[PDB]
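Structure record follows, encoded as structure tokens.
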Amino acid sequence: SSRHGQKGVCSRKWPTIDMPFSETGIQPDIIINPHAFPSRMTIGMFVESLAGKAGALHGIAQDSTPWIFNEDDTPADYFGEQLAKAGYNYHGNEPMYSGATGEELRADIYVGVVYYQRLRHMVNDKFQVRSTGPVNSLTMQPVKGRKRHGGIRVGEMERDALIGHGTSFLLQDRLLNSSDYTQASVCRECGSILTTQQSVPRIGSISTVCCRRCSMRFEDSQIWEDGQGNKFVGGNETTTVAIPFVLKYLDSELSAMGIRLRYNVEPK
Amino acid sequence: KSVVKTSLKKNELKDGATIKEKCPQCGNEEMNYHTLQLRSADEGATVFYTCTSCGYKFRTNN
Amino acid sequence: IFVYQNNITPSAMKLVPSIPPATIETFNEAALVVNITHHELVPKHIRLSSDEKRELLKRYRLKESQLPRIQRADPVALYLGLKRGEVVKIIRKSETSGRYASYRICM
Amino acid sequence: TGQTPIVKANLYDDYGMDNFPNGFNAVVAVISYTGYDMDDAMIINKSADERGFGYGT
Amino acid sequence: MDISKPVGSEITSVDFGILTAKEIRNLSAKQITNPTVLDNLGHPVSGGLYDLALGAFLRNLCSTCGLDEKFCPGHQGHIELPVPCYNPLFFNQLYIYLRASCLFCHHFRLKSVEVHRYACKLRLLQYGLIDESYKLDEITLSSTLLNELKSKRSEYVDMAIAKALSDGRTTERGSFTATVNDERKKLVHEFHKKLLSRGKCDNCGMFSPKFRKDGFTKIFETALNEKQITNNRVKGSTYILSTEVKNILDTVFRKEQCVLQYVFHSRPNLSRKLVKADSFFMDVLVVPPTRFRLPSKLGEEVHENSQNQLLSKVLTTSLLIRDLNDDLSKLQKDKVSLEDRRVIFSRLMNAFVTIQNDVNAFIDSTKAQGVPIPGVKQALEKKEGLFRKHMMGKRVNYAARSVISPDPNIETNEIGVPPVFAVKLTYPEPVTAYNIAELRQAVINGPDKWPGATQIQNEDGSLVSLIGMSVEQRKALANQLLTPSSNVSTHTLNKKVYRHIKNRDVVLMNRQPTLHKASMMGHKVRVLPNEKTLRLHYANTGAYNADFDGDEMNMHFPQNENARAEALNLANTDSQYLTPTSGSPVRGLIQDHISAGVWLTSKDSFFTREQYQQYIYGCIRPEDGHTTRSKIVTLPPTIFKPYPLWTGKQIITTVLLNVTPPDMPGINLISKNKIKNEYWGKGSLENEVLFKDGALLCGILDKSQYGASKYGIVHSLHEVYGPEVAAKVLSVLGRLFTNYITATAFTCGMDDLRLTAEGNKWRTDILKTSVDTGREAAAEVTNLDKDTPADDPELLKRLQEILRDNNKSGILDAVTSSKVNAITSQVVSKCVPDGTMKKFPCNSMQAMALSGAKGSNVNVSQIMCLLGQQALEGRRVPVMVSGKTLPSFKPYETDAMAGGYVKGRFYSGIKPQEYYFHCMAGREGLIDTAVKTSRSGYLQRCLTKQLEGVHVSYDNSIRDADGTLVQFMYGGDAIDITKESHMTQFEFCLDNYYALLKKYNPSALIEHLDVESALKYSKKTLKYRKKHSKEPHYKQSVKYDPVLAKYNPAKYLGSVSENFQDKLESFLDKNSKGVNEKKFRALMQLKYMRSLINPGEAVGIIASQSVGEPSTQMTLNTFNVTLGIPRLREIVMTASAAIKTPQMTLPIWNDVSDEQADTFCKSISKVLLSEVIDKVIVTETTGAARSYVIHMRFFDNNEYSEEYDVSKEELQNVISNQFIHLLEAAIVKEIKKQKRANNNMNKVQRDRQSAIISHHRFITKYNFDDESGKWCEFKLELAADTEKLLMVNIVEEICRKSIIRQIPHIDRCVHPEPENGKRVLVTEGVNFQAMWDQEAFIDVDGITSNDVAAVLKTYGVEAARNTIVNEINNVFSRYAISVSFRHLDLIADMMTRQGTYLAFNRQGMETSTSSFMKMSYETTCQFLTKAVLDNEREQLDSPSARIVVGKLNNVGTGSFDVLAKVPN
DNA sequence: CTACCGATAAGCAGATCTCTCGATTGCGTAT
DNA sequence: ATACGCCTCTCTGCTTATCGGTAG
RNA sequence: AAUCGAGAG
Ligand SMILES: [Mg+2]
Ligand SMILES: [Zn+2]
Ligand SMILES: [Zn+2]
Ligand SMILES: [Zn+2]
Ligand SMILES: [Zn+2]
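Residue numbers (the entry's author numbering), protein chains in the order written: chain D, 918 to 1137, 1156 to 1203; chain X, 64 to 125; chain L, 109 to 215; chain G, 746 to 802; chain P, 1 to 141, 174 to 268, 312 to 445, 451 to 1153, 1160 to 1205, 1214 to 1277, 1286 to 1338, 1435 to 1662.
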């Protein structure tokens, strides 16, 4: 930034030979677009560049306290007389040539020296990229934070904009297929998500997914055991759907409220 | 009851601020204006262009 | 149709649904000096017969209740004597498309 | 590497700001030449950058 | 998600129920007993909260399933509450039911036949039979009579339901729509209101004790009084235990199951199961698994989880009660019962209260009595909850964020991807025979060299990483990258390689706040070699609302072919050229390219052969595909001798000729541009753009041609050659204007900001006229003589009064501001552009202000001519209490500069005072933007929550997600706004006829259509409409309807709008111009058929965005009637009946004169008694009657009668009747609080005084100026008992209260100037039935009013919808923001879909089939209890429910399914 | 006459875009 | 030293008290 | 993990 609120990120580091060069052989170290001024209206930067060029020529310094110049003693006239008395142009313009082709530019370029400050918002503290990595505890979703290797949030407004496109596979890919896609097991009979469990496999027999709500106690080949060895028979009518893990966590939080959700499986 | 002027008529108020913008409706030279910075401390300005003949309104940033 | 001048007692309102299969409707002489259909904001309301109502429902594959609903007590249904279940035809003079027709149901 | 401003207020010296320079004097061209600086961006000479222009730790 | 792991089963729907304590223990894996989370040795105890039963904890196998921590799902557990507790969710309903039940007969305190009527009506409403529910009340004719009545009711219900099931109007599973739900909810609400309003039972007639409510967990009762006991006798406070109330409610429900099975259901109970009262009581508590209760391990800050803390608290109370009830057991045998058994009983009761409150705080932290630990409800309630933070939006994988930096060397559809992202982001690519050429090379390249691959997924799901491998290993792996499988289990799968993001991939950019769908587009990837910022083209700035001053944009990389094809075709940036908000274009070059274009396309631009060929090749580059001819083609030079000289318009022409495809003509455009003709010389025509067969012949290419301008060249190229060609045109024009701006650069400097000597002379001469504008404005505002000196004492006195009074200050600050702004405009017009020493096109400041590249004539005038008056809000700069605007200015300064008129300019700097005022203004601007950022939206969220399902169906009717219809036609014409721009542009269509014909191709679009019947019917309808339509809308008859009603416009050519056809006929009539009119009409009709909105278009989302996103551009509220976001809150978010500023629009008959209209205004407007009294003189005289003589002075009759149309007799009647009674009421209220000119009567006045004395409590004297009507005096005599009264403040308050005359709800009728030539009166209140009296003045046919509730009351639903649309359109018009009327129409139809004035809030969405949408919206608890009480099964139709379950949406590409065609 | 209602007046519950850093997180009794 | 027990400035609606109108 | 402060758009 300059001392006139003319901030702007460094876009590209232009090669010196590609930079425009003046008749005196100097190539500016800063290029500022002329379109920054008409709306911002920082004429102080213009008059400062004028005075800085004049001061760097004469080897002097010029005070720029406000209100020393008035409607008669115009700073443009003052520093322009100073610029002319060193051979340069009264308006601060310099014939410059294009360093890309070589020909002279159409008009005289406006050059000068202005005081430039380097702000502290460097770009090495801003970029972040994540493909896979650490995930949250109960939701199995990306963590927060640039420094912890976390994903970024697709929020409510992003979801609303992704629906409005009619982009539905895209919306599912962002919200589900790449956030907390889980292929859980459901009870095709009792219609509950997390009431089921893996049967503890036995020597010879193969493990299978079995229900714990549609299973009746063996004391009250369709049997299976637990880790505690308390075997019992139960319905093997259990399936595999694709759901978010946050659905399972919400179903737990709903069990904590005494509220059950019955998910109906389309093929029975 | 007072002695000062209290009431301002609609007719007697000439909002002023005349500029020579081109009217998108009719083409009358006069088209009043007002600028109100929006959406940031750095975003561009918008001007409430308003004709004086047909009453057309135009709030165009650029 | 019965019209009354100023007020209605509860002892009269208690007989409106008391006499089937007929119907009695009540209006106030006041707040009637102006027809609510002549106001330019109110579209032309045309009561629909059942014959075209079933046709509309089969054309759009609709139940009765999935239509936009018109209140049984709003002045248009009061004006038209519209009963429950019989849909109505509305000719909305749209600013963009000119004229088009939409169908509410009284329910 | 900081520098004192060529153009400065009188109070710059009174408050002894030269003990803590804030910016560098640079030759700035008000030119539409690049196409890579339109809204607010700006172009920095690559050679100046290789010569320590605006360097910090 | 892996696309090689198909899923068979789906969640087709879900239902809400109660988890009974029996099934919990049935489904439990272990009971929790002791609050021993972790003992010594740092391990969990057996049977504790962190048991090995509830999952695998740390390095311990789960004791239930025997798996590791990472593969144990987490089994459910429970604890046993020894005493049932009130569930803090069902407590409201349980208390309401309890408070209306009879303890003796175990039936309700309501009439049992009434209970049967409600049960029958609810059984009906469980199906789609809402009409018969109201026809049931028609069933009217003790035990035998009531049995006959109830049997008739039941049989009518059953026969009607059987008929409905038979004839298809319902089914076995019922019909639950929004109207059905509304009727059912209303019935049940009044049913509970009926049950509660009971004094005595009706089955046994025995009074039951009332109850008192103190909060939660606690219910008491009160004893019966004597009268209740006597009736209870002749029939033949206290704590109540939880088991006792459970028994009460069990008996009540056992005896009323018949009605309760319909009260607690909305669908036919196909399971027939009973309704058990143990639902409301938590006999057994369920603990979440250890997986969901794990503790945070922050270094050694391994703190207990909050859920385990609350559960252990409940467990401690449980163990306390368990150990206490053993002590009571032995103490009971000792039989104390008065000294120690009662002590233990008190302890047990307090412990029961404690454990119930512990469950209460575990479930809800809100109700905790005595920072707070969050509960389960607080885990779901608000934005920080679970819906709005982990289902409505989630952190995602394969994304990246970075700062954007500009790049004009990418192709406007691409994004410059830094190589640092290009090595991380990957895409799963299954190998094939067409892949092992380059996937093999990527695997050889490895994880670092780009393009390369990081991971390889094997056939059996093994995931192999390339990160650590060596080159030999990578070579061997890529050698085995496609090998036949000896394992036949996965003989249907191929290996997937996680290749790096190459150039053919597509990406999804995003910039928060994502306020519209265009702010999330799809970009192709161009992988750049150097930097670490994403590179963006300039055309993507009006869409993202983005600058390049540190903005950062999110980048999402889709991982499946379906999302790839979505972002390439549906969300891609080429399709987003026009915003759906109004159809105006949103892409274009911005500033540097605009000024470069103005320079290149001027008459002074000439280029040699080398310059011409270099420009053309540099911007075209046929190796990438910009050219459509495989070889660059040029034009002959404009000048042949002396040497060849192409021009700039030939550069434009050659570019167009190379991008525009062959086998098609060029654009014939006739437009304008911002730069006038007077700025180019004399006789110039450079303002008129002109194209002709693809060649620019006139005019400069401006912002009007590339940018945000309709009907410019890029817009027309879009309309004629599709969107991709306009994409290429913007890209190539960006390259051309870039390579040209390096050759001949553009600058700006101090010479551009100067004037001439005579220009400065003109400026100073005009500004020397501004030495007296302020003083004259003051001299006329103070109604003084002109030429009065600025130091006049009278002027200073009046100016001080103006300073004291805010309204007079506003008058002064308006008049003076007007005069000084006139002076400013004179200066600006005189000195620009005739004063600048450098002129356009040389003057770059003026050039970019004229071209619209950046800046405005206001800014140019500020830099070069004048800064002008600074206005803070609507007035000038603040004035201090001393009359000083600043220390520098003397008190009451009649100087323009003192009041803020800055005559300086930014070229020559401003004085210190003007600098201070300018700082005031700038600070005001920053404060306004602070307010806007603080209070910005939530209007869009409230709209989009309810409109997110509305979409266009294959029947072309727009309708909610469940199926309910909103509109039969999107806007009444079903045309798309992103395609509606040039439909009415008949001149453009005619001129480009041949190209448009080649793009529409009726040859391949005429076999599948019908092109006879629609045209025939349209002709008949137009003939009938021509015959009529001189008649009023209420008099016309629909013999013929609109054409769009009958024929599907996408299938029947000629079935078009009723206004489009009329306008096309008027065009073809008023200009005949060689292509026959028949072919042009056929082309226009095929264009209309192709301009139709696709089925599946999210009209609801689009309308919500179109009403919300433009509303951020109006939330600045500078300058009575509510405007902007407050008005939209009233209309859309509240639907308040009480509008803040109600108003009425009352048309006047064209014969009633303006003076008579003002007389009508005076006769209608309210006038209070205060507004006619000058002063009131109260003369107290305590010498024992405290007399209170009052002498109220009136304005002169000739004044107040002429000002208010009030007569002396009317005033006297008001005084004698209303005011004195009001006064004495106030006096007696004050006393009650306090105990803690001539009278030469004419005997008519004497009778009047006697009447007043008799009718009034204190009056003793009274006399009115009957002859002159100037005063009124009366003595209000009192007694010495009473202490002092003000008797002046009392009179002032009563005088303000009392009203002389008033139409109800009207306080004023003001006659404004006509708007659009129509005479209208506007009154400040809405009371329709009162203006109908004055037919002779007001056209009551045209009386429309601001309020929507009033209009809905007195004019019906459709008038309410029309006034809704007009109101929500009036807000945007006053901010000059265009919103397509289709959007507002859809909003209005959604709002009034129930026949009422709904709103977009939580109260406005009570009636809705899907409960997930409301639960995710807000008040999750209230919407979840309401859902589980009604057992409301939702079918997963709204988008939000789809997200929550995780199913593919319905809108857009979810509108249909895809089936294969296996040919064997 | 008598419930029976009811127009006030009064109490109560919920919202008010994304991102990056650092600093700090409590105290009285009794063996 | 160390383990038990604990603390002054918004704004929509929905829902209820309270001391009196209101048909039969 | 909550707050506090600082900032970026
Ligand atoms: Mg920015
Ligand atoms: Zn089961
Ligand atoms: Zn005009
Ligand atoms: Zn387990
Ligand atoms: Zn009873």
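For every residue, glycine included, the Cβ atom is placed at its ideal position computed from N, Cα and C.
### Message
Which residues in chain G have a C-beta closer than 7 Å to the C-beta of residue 932 of chain D? List them in chain order.
### Response
Here residue 932 of chain D refers to the residue found at position 15 when the first sequence is read from its first residue. By Cβ distance, chain G contributes 791.
### Query
With respect to the beta strand (DSSP E) encompassing residue 1088 of chain P, which residues constitute its N-terminal and C-terminal limits?
Residue mapping note: residue 1088 of chain P aligns to position 1008 of the fifth sequence, counting from 1. Premise fails: residue 1088 of chain P is in no beta strand (DSSP E) and is neither H nor E.
### Query
What number of angstroms, rounded off, separates the C-alpha of residue 776 of chain G from the C-alpha of residue 785 of chain G?
To locate residue 776 of chain G, count along the fourth sequence from 1; it is residue 31. To locate residue 785 of chain G, count along the fourth sequence from 1; it is residue 40. Their Cα atoms are separated by approximately 13 Å.
### Query
Taking the alpha helix (DSSP H) that residue 191 of chain P falls in, what are its first and last residues?
On the fifth sequence, position 159 is the one that residue 191 of chain P refers to. Residues 175-198.
### Task
Would you check whether ligand 4 has a heavy atom nearer than 8 Å to the C-beta of residue 76 of chain P?
Mapped onto the fifth sequence, residue 76 of chain P falls at position 76. Checking the Cβ of residue 76 of chain P against ligand 4 gives no.
### Query
Hey, is residue 829 of chain P's beta-carbon within less than 9 Å of any beta-carbon in chain G?
Looking up residue 829 of chain P in the fifth sequence gives position 749. Taking Cβ atoms only, chain G reaches closer than 9 Å to residue 829 of chain P, which makes this a yes.
#### Entry: Where the alpha helix (DSSP H) through residue 1460 of chain P begins and ends
Reading the fifth sequence from its first residue, position 1262 is the one you call residue 1460 of chain P. First-last for residue 1460 of chain P: undefined, no H or E at that position.
### Query
Measuring from the CB of residue 1131 of chain D, is there a heavy atom of ligand 2 at a distance below 8 Å?
As a first step, residue 1131 of chain D must be located in the first sequence, where it is residue number 214. Yes - ligand 2 has a heavy atom lying nearer than 8 Å to the Cβ of residue 1131 of chain D.
### Query
Does the beta carbon of residue 938 of chain D come closer than 9 Å to any beta carbon on chain P?
For the purposes of this step, residue 938 of chain D is identified with residue 21 of the first sequence, where counting begins at 1. For residue 938 of chain D, the answer is no, since every Cβ of chain P falls outside 9 Å of its Cβ.
### Task
Less than 8 Å between the CB atoms is what I'm expecting for residue 993 of chain D and residue 830 of chain P, so what's the real figure, rounded?
Here residue 993 of chain D is taken as the residue at index 76 of the first sequence, counted from 1. Here residue 830 of chain P is taken as the residue at index 750 of the fifth sequence, counted from 1. Indeed, because the Cβ distance is near 5 Å, the residues count as touching under 8 Å.
### chain D contact for residue 782 of chain G (CB, 9 Å cutoff)
Position 37 of the fourth sequence, counted from the first residue, corresponds to residue 782 of chain G. Taking Cβ atoms only, chain D reaches closer than 9 Å to residue 782 of chain G, which makes this a yes.
### residue 88 of chain P beta carbon near ligand 4 (any heavy atom closer than 8 Å)
To locate residue 88 of chain P, count along the fifth sequence from 1; it is residue 88. Residue 88 of chain P: no, Cβ never under 8 Å from ligand 4.
### Query
Can we count residue 146 of chain L as close to ligand 5, meaning its CB is less than 8 Å from some heavy atom?
Position 38 of the third sequence, counted from the first residue, corresponds to residue 146 of chain L. Flag unset: Cβ of residue 146 of chain L not near ligand 5.
### Interface partners of residue 760 of chain G on chain P, CB under 8 Å
The residue you call residue 760 of chain G lines up with position 15 of the fourth sequence. Correct list: empty, because the minimum Cβ distance to chain P is about 21 Å.
### Alpha-carbon to alpha-carbon, residue 1093 of chain D and residue 547 of chain P
Within the fifth sequence, residue 547 of chain P is the residue found at index 467, counting from 1. Within the first sequence, residue 1093 of chain D is the residue found at index 176, counting from 1. Whole-angstrom Cα-Cα distance: 27 Å.
### Message
Taking the alpha-carbon of residue 1435 of chain P as reference, which of P:1296, P:1160, P:999 has the nearest alpha-carbon?
### Response
Position 1237 of the fifth sequence, counting from 1, holds the residue named residue 1435 of chain P. Comparing Cα-Cα distances from residue 1435 of chain P to each of P:1296, P:1160, P:999, the minimum goes to P:1296.
### Neighbouring residues, chain G, relative to residue 1040 of chain D (Cβ below 9 Å)
The count along the first sequence starts at 1 and reaches residue 1040 of chain D at position 123. Result: empty, since nearest Cβ-Cβ is about 12 Å, beyond 9 Å.
### Message
So residue 116 of chain X contacts chain P; which residues on that side make the cut at Cβ distance below 7 Å?
### Response
Residue 116 of chain X sits at position 53 when you count from the first residue of the second sequence. Correct list: empty, because the minimum Cβ distance to chain P is about 14 Å.
### DSSP three-state assignment for residue 1060 of chain D, whether helix, strand or coil
In the first sequence, counting from the first residue as 1, residue 1060 of chain D sits at position 143. Three-state DSSP puts residue 1060 of chain D in coil, outside helix and strand.
### Query
Quick one: is the Cβ of residue 104 of chain P within less than 8 Å of any heavy atom of ligand 5?
Translated into positions along the fifth sequence, residue 104 of chain P becomes position 104. Under cutoff, so the answer is yes.
### Query
Between P:1136, P:138, P:1073, P:1104, which lies nearest to residue 1162 of chain P when the distance is taken from Cα to Cα?
For this step, residue 1162 of chain P is matched to residue 1076 along the fifth sequence. Checking every option, the nearest Cα to that of residue 1162 of chain P belongs to P:1073.
### Task
Please go through the same chain and pick out, in chain order, the residues whose beta-carbon is closer than 8 Å to the beta-carbon of residue 243 of chain P, but skip the five residues on each side of it.
The sequence position of residue 243 of chain P within the fifth sequence is 211, counting from 1. Here the set comprises 95, 98, 99, 251, 252, 253, 254.
#### Entry: residue 1241 of chain P - containing beta strand (DSSP E), residue span
Counted from its first residue, the fifth sequence places residue 1241 of chain P at position 1147. Where residue 1241 of chain P is concerned, the enclosing beta strand (DSSP E) stretches over 1238-1241.
### Message
Between the alpha carbons of residue 210 of chain P and residue 1593 of chain P, how many angstroms are there, rounded?
### Response
Residue mapping note: residue 210 of chain P aligns to position 178 of the fifth sequence, counting from 1. Residue mapping note: residue 1593 of chain P aligns to position 1395 of the fifth sequence, counting from 1. Straight-line Cα distance between these residues: approximately 12 Å.
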